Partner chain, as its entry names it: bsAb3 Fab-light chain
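Below you'll find only one chain, the form solved without its partner chain, shown as structure tokens.
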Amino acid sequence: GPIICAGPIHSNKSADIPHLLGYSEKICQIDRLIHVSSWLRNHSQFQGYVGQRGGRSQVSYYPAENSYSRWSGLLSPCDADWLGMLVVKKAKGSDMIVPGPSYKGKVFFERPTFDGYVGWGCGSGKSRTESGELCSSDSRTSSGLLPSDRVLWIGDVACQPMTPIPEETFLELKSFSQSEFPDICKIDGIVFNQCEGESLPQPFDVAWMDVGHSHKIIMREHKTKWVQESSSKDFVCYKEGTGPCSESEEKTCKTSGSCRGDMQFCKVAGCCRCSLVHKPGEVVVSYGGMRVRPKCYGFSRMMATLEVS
């Protein structure tokens, strides 16, 4: 269950959603699955919202067990999109839909691709086939106001603010990744090694991080460990049951230390009330000698092709 706002019980599918400037205003909008909704509006001929009553906490995730969504405060690729940290791309005809996930009835599903993040949307009164390749009409969606089970998030992903690295570091990580995965030739169509003869696209369960360069760093053996920062992004402001504080109220509550909050908030910021968001903190990869605070980190399924020797 959520971080700010309980699941939304929306009035009409034809109402539009405002662009808010507050941090907690957006964190709430993410709780009410408003962001996935806008995406579908902006992109797929969708009418209305998604996440009815259930909200963001009630979305379906590909691996049936899914550790990171158990912590309400880890950001998904869509949640990280809604705060500008990345872009969930519109699917291209070429973008490969991994098999495994239960696409039947889904109006939006998303997965990380090797060079970015790709999500899939459906139009009015439609939902995804069981293959994922087609939206056949589902009259159980014609209300336009769909529950959170119509939203699918593939992979066990976390997204966090990233201290960005010199490309020199990235080339050196990129190289090591090829050395642990010598056999893979192309991932999601992006050249990973250079190959003569390449196999058929196969399914691929993999660890990776987004370090913010040309593509992710897939890792076989590595070490992850979490540290809590108590930062300004780690605290949310609200009036209980009335929603989140406005942008002005928020900027003030955190800088003039004159609002309320929990012990962890007061310990660092002094004392609308703002408290610590439930997450283990921020993850720090340790891979092939180096330490990196990545943008996103996760265990997804992508489409890799292999070497024919």
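Positions refer to the first chain, counted from 1.
Deposited sequence between residue 266 and residue 267: no residues lack coordinates (chain continuous). Annotation for 249-257 versus 25-33: the higher mean temperature factor (C-alpha) is found in 249-257. Between 233-241 and 82-90, the higher mean Cα B-factor belongs to 233-241. In the PDB entry, the Cα temperature factor peaks, among 168, 183, 138, 188, at 138. Which of 125, 155, 116, 119 has the largest Cα B-factor in the deposited entry comes down to 125.
The deposited CA B-factor of residue 134 belongs to the highest third of values across its chain. Among the modelled residues of its chain, residue 208 has a C-alpha B-factor that falls in the lowest third according to the deposited record. Among the modelled residues of the chain, residue 109 sits in the middle third by CA temperature factor in this PDB entry. The PDB entry assigns residue 73 a C-alpha temperature factor belonging to the middle third of its chain's modelled residues. In the PDB entry, a CA B factor belonging to the highest third of its chain's modelled residues is recorded for residue 17.
Below, we refer to the form solved in complex with its partner chain, which is not included among the displayed structures.
Proximity to its partner chain in the deposited bound form, defined as a heavy atom within 4.5 Å, singles out one entry of 115, 205, 180, 149, which is 149.
Between its partner chain and the residues 252, 246, 67, 58, the one pair within 4.5 Å by heavy atoms in the deposited bound form involves 58.
Contact check for residue 161: every heavy atom lies farther than 4.5 Å from its partner chain in the deposited bound form. Taking non-hydrogen atoms only, residue 257 never approaches its partner chain to within 4.5 angstroms in the deposited bound form. At the 4.5 Å threshold, heavy atoms of residue 267 stay clear of its partner chain in the deposited bound form, well away from it.
Interface membership of residue 280, defined by any non-hydrogen atom within 4.5 Å of its partner chain in the deposited bound form, is ruled out. For the candidate spot formed by 53, 62 and 100, every residue has a non-hydrogen atom within 4.5 angstroms of its partner chain in the deposited bound form. Contact annotation: its partner chain lies within 4.5 Å of heavy atoms from the stretch 100-108 in the deposited bound form, the single such stretch among 215-223, 79-87, 229-237, 100-108.
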